[PDB]
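Coming up, as structure tokens: structure 1 and structure 2, two forms of one and the same protein chain.
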Structure 1
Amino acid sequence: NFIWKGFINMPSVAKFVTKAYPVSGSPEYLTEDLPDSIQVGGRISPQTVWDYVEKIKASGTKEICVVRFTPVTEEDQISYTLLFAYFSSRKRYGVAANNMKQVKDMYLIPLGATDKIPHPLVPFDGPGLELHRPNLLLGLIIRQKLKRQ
């Protein structure tokens, strides 16, 4: 199942619809906690500003929910690729500006072909990403627990 379907809008440049699939959180109903359109507020220094995720981790098998985005239409895939191309070229991450209900901060991570997988997210605990991937935009959010029902 897709956990969330909705828009990812960076004004003018990338505006598109995308489905969100779990990568490092247990998937059981979280569409409640997310709006329909995600406005991209700006940027953040990914290569150094790992530290905020590191500051979050207190325990042993602690997850912050990380999802991958797939565009639903051939049309969405162009805008998708533009937003990816936008951040990947500049070596920055996207940041969401929208009223964040229980989410404090949310980030879009352009993941292309990395030899070492961005280290501070790799321990997934639950699902995970495949080795044969396209260029992917990931959503960085919050989960805790695993098997819900």
Structure 2
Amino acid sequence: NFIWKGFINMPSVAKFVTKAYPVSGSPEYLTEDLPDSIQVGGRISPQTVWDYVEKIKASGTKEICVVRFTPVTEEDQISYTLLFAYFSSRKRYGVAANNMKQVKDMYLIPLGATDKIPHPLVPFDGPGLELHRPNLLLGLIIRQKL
């Protein structure tokens, strides 16, 4: 019941195969809307994302969904961890640079195992996350509405 399997690729940092699972919002059509390899093009301050997400919700023109990434093999898990640490240590989110037509924005969020969920994502409208969990990379996906 993963909705997409593909690479995350941050040049000079980490590249790995991952499966995405739904967390919040409708994951419908994500299999067609995500590229084979999500290219991480840069980094962004979390407050900038949350200010933007507030405007997105106010505008009523987009759908927000949240997925969680899991490494596929033990080798993937080493690089997944490097990427988590990259953004966690710098208190940044990642920015996808090769979005497909239906996705306006995609951010990669490190969520520490003992972290509180960022408030603009609560409440989760979907399976959510387990209380007892590893360090995780989430994807925050802004999609166009019909």
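Between two forms, the rigid core is the largest collection of C-alphas that superpose within 1.5 Å. Counting starts at 1 and follows the sequence of structure 1.
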Among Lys104, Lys62, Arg90, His119, which is the residue that shifts its C-alpha 2 Å or more between structure 1 and structure 2, core superposed? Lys62
Hey, does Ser26 budge by 2 Å or more at the Cα between structure 1 and structure 2 once the core is superposed? yes
Does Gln47 move appreciably between structure 1 and structure 2, meaning a CA displacement of 2 Å or more on the superposed rigid core? yes
Upon rigid core superposition, what is the positional shift of the Cα of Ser12 between structure 1 and structure 2, expressed in Å to one decimal? 2.7
Superposed on the core, the Cα displacement of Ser37 between structure 1 and structure 2 in Å comes to 0.3
